[PDB]
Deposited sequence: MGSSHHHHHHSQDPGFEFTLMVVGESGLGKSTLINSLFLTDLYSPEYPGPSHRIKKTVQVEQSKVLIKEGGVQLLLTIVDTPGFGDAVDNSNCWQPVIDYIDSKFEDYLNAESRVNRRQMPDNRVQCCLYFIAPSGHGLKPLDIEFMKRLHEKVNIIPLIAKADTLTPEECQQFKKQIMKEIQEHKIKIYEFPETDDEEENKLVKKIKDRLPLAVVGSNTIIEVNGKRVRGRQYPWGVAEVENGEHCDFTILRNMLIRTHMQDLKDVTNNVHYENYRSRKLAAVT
């Protein structure tokens, strides 16, 4: 087998559930059921996705954070995400410090997808604060959400502006060309529609169909391929040898 812990962060309604379902071919999320307005906070939610393909089975933990960025006042909304991540480091540090450390559960967060709203301008203040405060605790993959809302020229200018701001703020996102088109701009959909004679997943508008697996429409295929067993391993290795060790060295030095 093989295990992996993926965290999802972003405002409500940025296509996060649809993208997760699109990457892993799941139907993991329930509809919004009724009944209005009670102040929102970031709540950590875990799903276990056990995907069996005949022996090569993947055990995937999806850590969602509904409420992030959704209140009128989003002050310190990163803090519950820090608390969850750092608590997993602490659990690991305590487990490996035991005299009899045979068992060893590993729940450290190995990747964080951060969804950027496709405004077409730049990063929001909350985007900068979240990434600047988490980039040394977890592997951040920033994503331009709902990328079918950008024309190609708008998308290109928006990618460039975002990368300009990540550099200006000395933000260290996860690094593996693919770097030429960061951040990845994704479209998600499990809806099948026939475009020409081929059935493909994508989003049906009156004027045409944005295709999830068309590399000229979005970077979904790049992202899915980046999240397979071999590239998951490097995400695990950096979590362990960089983020965990940095946390461990900091706590022990005190």
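Could you list the ranges of the deposited sequence that have no C-alpha atoms in the model? Missing from the model are residues 1-14, 49-50, 193-205, 284-285.
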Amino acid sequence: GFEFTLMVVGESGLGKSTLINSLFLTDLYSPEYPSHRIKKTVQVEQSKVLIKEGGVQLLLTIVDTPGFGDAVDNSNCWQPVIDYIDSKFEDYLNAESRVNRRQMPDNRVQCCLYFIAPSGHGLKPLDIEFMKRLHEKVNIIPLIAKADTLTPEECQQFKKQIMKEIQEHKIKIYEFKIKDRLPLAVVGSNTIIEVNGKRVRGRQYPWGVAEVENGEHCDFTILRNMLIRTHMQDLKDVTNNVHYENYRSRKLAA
From here on, numbers count along this sequence of modelled residues.
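Which is higher on average in the deposited entry, the C-alpha temperature factors of 66-74 or of 225-233? The stretch with the larger mean CA B-factor is 225-233.
Given 156-164 and 99-107, the range whose Cα B-factors average higher in the PDB entry: Going by the record's values, the stretch with the higher mean is 99-107.
Going by the CA temperature factor in the entry, name the top one among 176, 92, 84, 115. Of the options given, 176 has the highest CA B-factor in the PDB entry.
Using only modelled residues of the chain, where does the Cα B factor of residue 172 rank: lowest third, middle third or highest third? Middle third, going by the recorded CA B-factors of the chain.
Chain-wide C-alpha B factor ranking for residue 136, given as lowest, middle or highest third: Its C-alpha B-factor, which the entry lists for residue 136, ranks in the middle third among residues of this chain.
Give the position of residue 61 by CA B-factor within its chain, expressed as the lowest, middle or highest third. It belongs to the lowest third of the chain when residues are ordered by C-alpha B-factor.
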